[PDB]
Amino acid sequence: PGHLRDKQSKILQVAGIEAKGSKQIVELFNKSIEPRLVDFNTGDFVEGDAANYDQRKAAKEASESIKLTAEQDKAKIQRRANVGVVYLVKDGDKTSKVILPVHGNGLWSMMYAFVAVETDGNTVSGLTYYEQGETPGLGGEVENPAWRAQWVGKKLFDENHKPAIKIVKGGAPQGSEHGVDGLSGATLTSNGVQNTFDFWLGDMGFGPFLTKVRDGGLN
């Protein structure tokens, strides 16, 4: 019952790497993905066994996490681990993108996603939810391939480098660099997706890390 295989498959998917079957999943993951540990506060890489680090476990350990204050806790995740794992996508020795795990509360469930970000630290190349428990046909449509496709090319930050992603009720404008369509008939799940990015792009999330990525830190 190791569903770390589904997690590896989802990381490969959002990275744009086609893999079919459990054997090919592991082989391509080992060839092309480099898990790394990141200190959230500084954005620096840290030493440690990134492949076996359990961020969910750390997030509830007194010595490994912090309680978020009510004002900080935009995504309603209650606590944040000190250290997170990210997944570098490798093309030879070059890093072509970085996959970030994010999570936040929906209407019924804690929703966990991977977001693939280019080496400008701003442009999204892929999004996939890998654990969510919203209602099938309503909030569960965060898994719809057409909704995920809308994220490609969107920018996380504006030119003041402040978080700018918006989940737009009724649908985003055609020209929008920052707007993504909300889920029709499921506004409350949609607000949870919004809150997830509000937290994870800010100062208590991957904000510091994505500043380092922007300034050339992955190559």
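When you see a residue number, it is the position in the sequence shown, counting from 1.
Look at the mean CA B-factor for 109-117 and for 83-91 in the entry; the higher one is 83-91. Taking the PDB entry as given, 170-178 carries the higher mean Cα B factor of the two stretches 170-178 and 188-196. Per the PDB record, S96 has a higher Cα B-factor than any other of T123, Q132, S96, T128.
Remark: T42 belongs to the highest third of its chain, ranked by C-alpha B-factor as recorded. Residue-level temperature factors show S65 in the middle third of its chain, judged at the C-alpha atom.
Remark: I25 belongs to the highest third of its chain, ranked by C-alpha B-factor as recorded. Compared with the other modelled residues of the chain, the Cα B-factor recorded for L210 ranks in the middle third. Annotation for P101: CA B-factor lies in the lowest third of the chain's modelled residues.
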